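Architecture at a glance
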Amino acid sequence: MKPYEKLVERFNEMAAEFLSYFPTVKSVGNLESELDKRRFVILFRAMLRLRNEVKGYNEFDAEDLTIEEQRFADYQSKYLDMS
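Per the deposition metadata, X-ray crystallography was the technique used to determine this entry, at a resolution of 1.950 Å.

Below is the structure:
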């Protein structure tokens with residue numbers, strides 16, 4: 001399959017796994033241990049890089065991705081405060 005489709009499949013697997021750890025934005029806010037905060041930062045950095053990478057294709061369509069843009073931005077605000 002084409003490069004874009006490959007990366008979308010990877011992003012979506014990463015996301016469903018991310019979501020099984022941090023189901024909502026507020027759940028990130030509730031993290032207490034530093035290991036958990038680090039886990040979230042590291043996971044979210046990798047999703048964030050892969051998301052930017054798929055936006056670097058002509059065929060990019062947000063609908064192709066798990067997690068809406070706005071919701072993703074809301075996790076990103078937490079990540080920016082947290083890192």
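**Here's the deal with the nonpolar core**
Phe18, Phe40, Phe44, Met47 and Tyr75 are the most contacted members of the largest nonpolar core, which totals 23 residues. Those elements giving two or more residues to this core turn out to be α1 (3-21), α2 (25-29), α3 (34-54) and α4 (69-82). The dominant element in this core, judged by the number of residues it contributes, is α3, at seven residues. For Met47, the residues in contact, after removing those within four places along its chain, are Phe11, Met14, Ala15, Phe18, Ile67 and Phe72.

**As for the environment of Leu80**
By the secondary structure assignment, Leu80 is in helix α4. Along the chain, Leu80 and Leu65 lie 15 residues apart, while their C-alpha atoms are 21 Å from each other.

**Description of α4**
Here α4 contains 14 residues, and its C-alpha end-to-end distance of 20 Å stays within 8% of the 20 Å for a straight helix at 1.5 Å per residue. Inspection of α4 places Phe72, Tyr75, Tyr79 and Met82 among the buried residues, and these make up the whole buried set. The buried residues of α4 all sit within an arc of 75° when viewed along its axis, so they share a single face. Among the exposed residues of α4, those pointing more than 90 degrees away from its buried face are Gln70, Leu80 and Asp81. Buried residues in α4 make contact with α1, α2 and α3.

Rules and cut-offs
- Residues numbered from 1 in each chain as written, not as in the entry; some residues may be left out.
- Heavy atoms only, no water.
- Core = buried A, V, L, I, M, F, W, Y, C linked by side-chain atoms within 4.5 Å.
- Buried < 20%, exposed > 50% of the residue type's maximum accessible area, 1.4 Å probe, protein only.
- Helix = DSSP H or I, 4+ residues; strand = E, 2+ residues; numbered from the N terminus.
- Contact = heavy atoms within 4.5 Å.
- Expected span 1.5 Å × (residues − 1).
- Arc of directions from axis to C-beta.

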